[PDB]
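S.K.: can't give you the sequence, but here's the structure:
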């Protein structure tokens, strides 16, 4: 409908956003041959410092796990029995409460401070199509100063074959 | 082409893959067969990680196209040699080379109206076309392209 | 309509001339292509009067078309070089581009 | 509509049938026709419950979205799935008192 | 179709019409037609055509190709068309033609 | 019936075969145009609407090839009228004329012209005594079809295709709108009077009345009547023929030396950046000293012809026009060690140009933009190749959106214009940041649509 | 400075949509002869073409219904064996479609959320003659080297 | 129909005869001390104790 | 029965019109304007062929030929009896003027003058006869009709695509 | 068709294995898929 | 046919099925409009 406004230079384009187009690495290489295309070219571009939050909603349970870029489980999976809409909201809120100092400890061991001004880059993936899906992601929406969500997607199972289902489901 | 194989092989050292391909060629020639072609396609990263004999998922794999003319019992012998090889993770057998796909199960009137010498005499790259292959490339070979392509860079050298 | 043998002939000649004009010569500003294409047609009919061959007639027709394209490129380059050396003559595209860029300079003056 | 019927008002066979509809709907909601699946944003879709009549002549699947402004993006496409839901009930669900009208 | 298959087995050019274009060639011109046009070794008219009126007369090589057709080719093309490279259908047709040489009234 | 005869006749006397003589070619063009309008008003007489012909009796002249001048007159009866009873005797007249072109061409049988004379005799006898009666084409009806569908001349080029042809020139010393008045009202409705053989001549607008100062062009000043131009081309047609012939001979004698230097030195193409009258002496000097170039290491390299003795970094060397034979040997000994460096730089430049053209072609096929321009800014081939490969890498990520209105262009600075069609990118740009930017634009559009649907 | 760059670069009014399109239009208008299945798909419905398999599959990689995507009857037989043969050697994933957005023609714009058919008949041939700012410096340098070769020669 | 399994991901055998004969009678599983003396150089590469 | 089932596809617009009675060419990105014509045609019990131009093999031939029959580049387009009906503004106009019954069933539009939407009771002439010398305005004591009501404020709609 | 003999099998296999190498002054061809594979050095190690 | 082909045949039979188009809701809509016209016109 209406086009977005015009950017005339990259120097203040770096100030308008949290990134820059012109790279400062100055990559000097001579690959005259054709470059190797990625297997999944049409995908979200996942940076190495991005946390994958997985929200699994069920009937009477809602689980929240956080993984790294390489598949390392950061914090253990929170259960309502161990620690509905309000059920998923309180589980996701108390998971994001403890996820911050563990993230600071795991990033300060390598050299990333993450002290002030930098928000945690997050990719949220949901399972279930239940009521706890409503309260969980809202518990991420009030954390906009702490967790910046870039890719909000879902991880929903495609039922390829299935081993078997119980008798009450069929009959 | 009578038979074609797409050998997916483990990226081992050069001597091991050379010995594997040499044993495959020796098993082809000893059974009274002919190698039409064998082409290496380098190491690529497939969408699925195949498991070897010791159940290790391999991220990388080497693809080799092998076009052969062998008798069918001897082709079964060579296929049993290839499928039981330790380095070959997967290999499909292209048996639809002489007759194109869609004739047998397609229209019944268009079943005996094809010519097997049209497909048998050409190579596998001329039956299954690559994305870089097209008809204008085939017409360039008969058009005396050497006297025409000498002037294609007369505009880019000054800019 | 069109005759079907002439349809196949024009298809073959267009497919063989597109490659020599686009990838071969790298010449996209060719003017009045209908006269060399109809010259290709009439030379093909001249060779089909005596009935020499089929592919060799296409070879000689494409050689004549390549020579004609080289002659047209050379006379265009000669006229452009003589128009650029003297500095007195200006083509219509240069006049359009200066009438555009002086207008853009005046839009810079307006802001 | 103004109200929603309770599970105690309907038949126990209606409760079992609605539980089977809920199970097979929450299981295979990605197993829809792909020309409708390319426009459904599944990140906002929530199926909370399935209600039914006493003899299962009609079924009412109750749904909502996370963000309400995306509801009009999920409103028409979900109404293109009524025959798919009916075929899912015919295939996956046995002991169906009637082949229901989906709402 | 079950009669056209046996007609393709027995007779040579029943698929090729007067227009010299097959039913598969007119719909798929890039796959059936030849890709390269080489000016080289034209074989000319077959003067040995009286020996082979039907495909049951030449079952020595593949695709019922006579011995006189392979003259200037190397040993690899002659080996790829030998008896060892024939299919199951070609070997069964050779077994059929072995008795058709023995018990037929005419060719 | 007459299809093979008229086919062979138009195969003989067509002007497209006569390239050795230009006067025979333009006389054949005029005769073909006169025959075409003759058959046009003949078909007009056969249709029902009668118009006076442009010529009642005239001599038409064609030229033949021996592999030979065929002259034939067209005469009309003196009692000619636009009435109905004269519509038949003109049909036997032009059919008397066409076979008069066919008998002298010696391409038909005498039985065929006897058949046509017998048909005209039946029509003349049946015009007197009225009969009744209740289909193959005649000589006229086959002639118009063999003219239109096979042997028609190519149409004259319009003004719009002459604009981009670099054939319309003008000296700006008069004025811009003096040239606009010389173009708009003098080429739109006055281009019909201009000849078809004239259409190969480029047009400069200058001060004086002349026939050319450049190679193979013609000039015309401030606003003219078309009768003045028609009398101008009827005054000095020999000069405007000879200028075209010497321009074609000049291009041919350039191209033959270019071809022999390409075939003998095994190079790609000879480049020239100076006047060809001074480049011809250098080319014939290279033709005389060709075996000295074979003896040295001057091979497989393109040669530019400029004014300064220099060597370009992409592999092409520059040779000055003014060069003597005794200065050629120290010039060849000066740049003798620099030749394999130029060879490897030329091969690297060709490989990088092929790679960046392949990457730009794959970017044009994947995302289908409005246009890509990487050859605008004077940069190295590494920067252009890096820009093309970075655009190729983010091709699948820009695929859900169409960019048919925007132009991807190489620039020294970032410029993202959405009101216009401009996307100007540096050689080193983060493609992931651009994908994040377009994703944020889509997030803005989605949030705007959600807030608009929530407001209503 | 340089003298060959002036005679090499030609002046332009519009660059192109893609630089060979006017030759394509002229050769197509001459090929049809008017007065002023596809040959490439069935040859490329194989295991070695991951895009031609993906242009007939949905976003999850499975099959479309027959009413949405009608096809040639041999093309479906080629597609169903090409997908399986490319999956078998790992040239195609068992789940997904890595070339799906490359195949959709009706793409929405970056500042739009849906596709509208009214943008198909835009046909904008630059009627107001927009000159980009990166072209103006090239024009000025071209005319500066033209004035330099005029005052020098 | 019939279901199959691949011994050491290479040797396609039928599932019924594998549980009875093909799986427990391999060289690398049933006689590991004998299979440790397998010659890797002189034997063919398509022959190894995981399938023999 | 005698032939195996096969999906119909064509590169020409004329083969779609000669085959089906009611053809509609839609896009997948426009679900509201497609479903409104689905409600109107199925109300009159008319067989309809919906052609989704998303994931079709002849999109570029069909997008050109739909521009020639209908000058507007708006989809969906309804085609009944080898004629052009038009977009939603043309289908709802025939539904408002009570012309959509004889268009979908019998393939013609009524050329009868006068509107049938604004009727009360039985449909008769009721002053439709031509008056002598004109001048229906100069008699200011004429029958103006029954008093009509107009809303002071616009009520909020149920849905933005409810209508 | 250029068939491979039994004597020139090892040299043809070694030439095919040296098609994609790290050090080469010639541009590498595309695969049958149409994709540049991973380059390697001697002894088959992936770069 | 076997079990798999029979299951696919009954799946295609239930998927592509021609229903009985009985114009009942249009009949009731015409009756509703007629009753509204009678209630509007006559007391």
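M.R.: Yes, it's here. Numbers count the residues shown, from 1 in each chain, chains lettered A, B, ... in the order given.
S.K.: please make it C-alpha for all contacts and neighbour counts, starting now.
M.R.: Noted.
S.K.: for chain D, what's its nearest residue on chain A.
M.R.: Using Cα to the nearest Cα, the closest approach of chain A to chain D is made by residue A:129 at 4.7 Å.
S.K.: burial measure for that residue, as a count.
M.R.: 26 (other Cα atoms under 10 Å in any protein chain shown).
S.K.: give the contact list for it.
M.R.: Neighbour list for residue A:129: A:57, D:26, D:45, D:46, D:47, D:48 [criterion: Cα atoms under 8 Å, 6 or more residues apart in numbering or on different chains].
S.K.: cross those against helices and list the overlap.
M.R.: The members of the contacts of residue A:129 that map onto helices under DSSP state H are residue D:26.
S.K.: of the contacts of residue A:129, which pair is most distant in space?
M.R.: Distances among the contacts of residue A:129 were taken as Cα to Cα; the most separated pair is A:57 and D:45, at 12.5 Å.
S.K.: roughly how far does residue I:102 sit from chain J?
M.R.: 57 Å (Cα to the nearest Cα, to the nearest Å).
S.K.: hang on, the earlier thing: what is the nearest of the contacts of residue A:129 to chain F?
M.R.: For these, the nearest to chain F is residue D:45 (15.4 Å; Cα to the nearest Cα).
S.K.: that closest one against residue D:68, yeah?
M.R.: No - counting by Cα atoms under 8 Å, residue D:68 is not a contact partner of residue D:45; they are 10.7 Å apart.
S.K.: residue contacts, residue D:94?
M.R.: Residue D:94 neighbours (Cα under 8 Å, 6+ apart): A:170, A:171.
S.K.: before we move on, what SS does it have?
M.R.: State at residue D:94, reduced to three classes by DSSP: H, G, I helix; E, B strand; the rest coil: coil.
S.K.: ok, now residue F:402?
M.R.: coil.
S.K.: please look at it and residue F:369 and confirm they touch.
M.R.: Yes - at 7.1 Å, residue F:402 and residue F:369 qualify as touching, with contact defined as Cα under 8 Å.
S.K.: residue 29: how many residues sit nearby?
M.R.: In the absence of a named chain, chain A is used. Residue neighbour count, defined by other Cα under 10 Å, stands at 8 for residue A:29.
S.K.: actually chain K
M.R.: 11.
S.K.: same check, this time on the one 5 residues further on
M.R.: Applying other Cα under 10 Å, we find 12 other residues in the vicinity of residue K:34.
S.K.: could you measure it against residue J:27, distance?
M.R.: 83 Å (Cα to Cα, to the nearest Å).
S.K.: and residue H:32, by the same measure?
M.R.: Relative to residue J:27, and taking Cα to Cα, residue H:32 is found at 50 Å.
S.K.: same deal with residue D:57?
M.R.: 70 Å.
S.K.: so what's the residue in chain H that chain F sits nearest to up against?
M.R.: Residue nearest to chain F within chain H (Cα to the nearest Cα): residue H:9, separated by 35.2 Å. Neighbour list for residue H:9: B:51, B:52, B:53, B:89 [criterion: Cα under 8 Å, 6+ apart].
S.K.: check which helix or strand the third one maps to.
M.R.: With elements taken from DSSP states H and E, nothing contains residue B:53; it lies in neither a helix nor a strand.
S.K.: list phi and psi for it.
M.R.: phi -70, psi -30 (degrees, to the nearest 10).
S.K.: just checking, it touches residue H:6?
M.R.: No - with contact defined as Cα under 8 Å, residue B:53 does not reach residue H:6; the gap is 10.2 Å.
S.K.: picking up where we left off before, of residue D:45 and residue D:68, who's got more company?
M.R.: residue D:45 (23 against 15).
S.K.: what bridges to that one?
M.R.: As for beta bridges, residue D:45 partners with residue D:65 under DSSP bridges.
S.K.: for it, give me its contacts.
M.R.: Contacts of residue D:45 (Cα under 8 Å, 6+ apart): A:129, D:63, D:64, D:65, D:66, D:74.
S.K.: now the first one. Its backbone dihedrals?
M.R.: When you say that, I think you mean residue A:129. Torsion angles, degrees, to the nearest 10, at residue A:129: phi 50, psi 60.
S.K.: that one and residue G:20: what is the separation?
M.R.: 52 Å.
S.K.: the last one too?
M.R.: Residue D:74 sits 44 Å away from residue G:20 when distances are taken as Cα to Cα.
S.K.: go on, the fourth one?
M.R.: Using Cα to Cα, one obtains 50 Å as the distance from residue D:65 to residue G:20.
S.K.: the two: who's more crowded?
M.R.: residue D:65 (20 against 17).
S.K.: pretty sure the more buried one contacts residue D:46?
M.R.: Yes - using Cα under 8 Å, residue D:65 is in contact with residue D:46, at 5.8 Å.
S.K.: intersection of neighbour lists for those two?
M.R.: Joint contacts of residue D:65 and residue D:46 (Cα under 8 Å, 6+ apart) are residue A:134.
S.K.: enumerate the positions of whichever strand or helix holds residue C:100 that are buried.
M.R.: Counting by DSSP H and E, the element that carries residue C:100 is helix C:92-110. Buried residues in helix C:92-110, defined by neighbour count with 16 or more other Cα atoms under 10 Å in any protein chain shown: C:92, C:93, C:94, C:95, C:97, C:98, C:100, C:101, C:104.
S.K.: and what of stretch A:157-171?
M.R.: Buried, per 16+ other Cα under 10 Å, within stretch A:157-171: A:169, A:170.
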